[PDB]
Each structure stands twice: as structure tokens, then as C-alpha cells.
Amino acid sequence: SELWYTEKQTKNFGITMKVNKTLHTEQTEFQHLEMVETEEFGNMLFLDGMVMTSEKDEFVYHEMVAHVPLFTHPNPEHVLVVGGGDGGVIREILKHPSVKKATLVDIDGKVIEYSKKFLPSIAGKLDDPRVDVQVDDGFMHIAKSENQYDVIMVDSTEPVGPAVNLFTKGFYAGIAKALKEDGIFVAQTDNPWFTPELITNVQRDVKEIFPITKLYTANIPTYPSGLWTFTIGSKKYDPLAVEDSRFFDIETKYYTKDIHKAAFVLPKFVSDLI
């Protein structure tokens, strides 16, 4: 059996996964959903031909997107996840007792449906009382929020649909508006090997509105280049100033209080981008 799913992460480079069978294939109003069972990583979800998560390595992205900003915040209580259909970031947010309510907003309800069905270990906490799942825009949702959230984790850094975010460089100012006075927001910002421009631009644009703008790193083997990047915009708390007593035992497979600080130590060529 030679059934392989290939992702050309670049016109000239990519990864190829051996597939045992497809679990669900569907063209949505928004994208092409494909849950597949791979031999190497277990069930893997692809959106528009690109890898979203897999059972085997999903923990890196989910833990690093959630825990760095939550522990940076002295006491996160109201959190927003935009575009986290698979529910993985929500699963990690719930490990923080301080969180009163975690809202999840994703335009595609079919991502949530099939993740609950085929990625139970990732989407199994969406049914939790502390979670409020909403199938809606997300960018529209941020546009309509005013100092409601302590931490906001965002999927895409480029709004599509109602770009009511007409603030200068709209999006980031839109997020600042939705965040409380000492809010924090995180956005994945690709890899430094094939799309380094994105890191420079986002880093500069976010800095225009947040006094604290840092960039951290993590290894995701299923993502382009194996090195993923995250931009953290903070209004008041420095992620590198976290008090040791602030941490508490939490079950993770990647994140560590030390990794928390070490993820901000960038390889020379990556610092050069900012």
C-alpha cells in the first residue's frame, strides 16, 4: 500500500506522510476538510491541503500557544481562542484554575464536529462548563469586543471578511481594544526559513501598539521547517519576568517553566528578522 499525502510546504520542498485510510473528506463553506489516519502520527487533520494537527505531535502547538501567555499573566480569568476548532488550546487553558471562562470562536463548525469525533484526545474538553463554543467569524467577534479578555490566542494574523478593524494597522489595535488594560495576546507567526518576511512585519506592526512585543520558538515536526514562531503582544506583563512562585504543577509533554524562558532565546538568524 503506497498511499501518501504530501504537503508542498514550498513549491520546492515538503513532507510526505503514509496514509492508511481517510476518515472524513468534505468540502466546507469555508475550506477543504480532510481527517486522515496516518501510520506515523495517528489521525491528522488537513485544511486546504495543509497540516493542522495530528494525534502524535499536537501537544507542542497547543501547550506553547496557551501556557506561555497564561503564566505570563499574573491571573488569567477570561480567555478567547479565535480559530481553535480542534479544541486543543482550550484543553490546555482548562489546566489553569484561574480561568473562569474560555470562549472558543471558529467559523467552521465542521472542524469542531470532526475533531470531536476523530481527535477526541484534542477536542474532548469542548463540552466543559467553563467553555463557551461559538461557531462564528472570530475577527468579527474581536471587532465587537471591548476590554473583555485577559488573554486572546489568535490563529491568523490577517483578517478576512468584515475588516472593520480600521484602527491604524487595524488588527492589533482591534485586539488591544478587546483586551483588558493589562491584556496579552499571542499569534502564531510561521517559520523563519521560508516566510521570514512575516516575522519581521508582524513583529514591527505589533510593536506599534503593544509596549511589550517578543517572539518565541517551538519544534513542531509536522510544520514547515520544524521550527515554528509565536508573537506575544503584552500591554503590561513581561513573559521573561515571570515569578518562580507563579508556576504550579501542570501536566504537559513539551512546555516547562524553563522552556517558558528558553523559547525566547532566538538563533542568531532569527533575531536578525526582528
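Note that residue numbering begins at 1 and tracks the sequence as displayed.
Asks: Looking at the deposited entry, does 245 to 253 or 43 to 51 carry the larger mean Cα B-factor?
Replies: 245 to 253 has the higher mean C-alpha B-factor.
Asks: Comparing 57 to 65 with 24 to 32, which stretch shows the greater average C-alpha B-factor in the deposited entry?
Replies: Between 24 to 32 and 57 to 65, it is 24 to 32 that shows the higher mean C-alpha B-factor.
Asks: Tell me which of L119, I112, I90, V160 tops the list for C-alpha B factor in the record.
Replies: So the option with the highest C-alpha B-factor is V160.
Asks: Per the entry, which of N147, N191, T72, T200 tops the list for Cα B factor?
Replies: That would be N147, according to the entry.
Asks: Thinking about Cα B factors across the chain, which third does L273 belong to?
Replies: Answer is middle: the recorded C-alpha B-factor places it there.
Asks: When the deposited Cα B-factors of this chain's modelled residues are ordered and cut into thirds, is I220 in the lowest, the middle or the highest one?
Replies: Tercile = lowest for this residue's CA B-factor.
Asks: What third of the chain does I232 rank in for C-alpha temperature factor, lowest, middle or highest?
Replies: Ranked within chain, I232 CA B lands in the lowest tercile.
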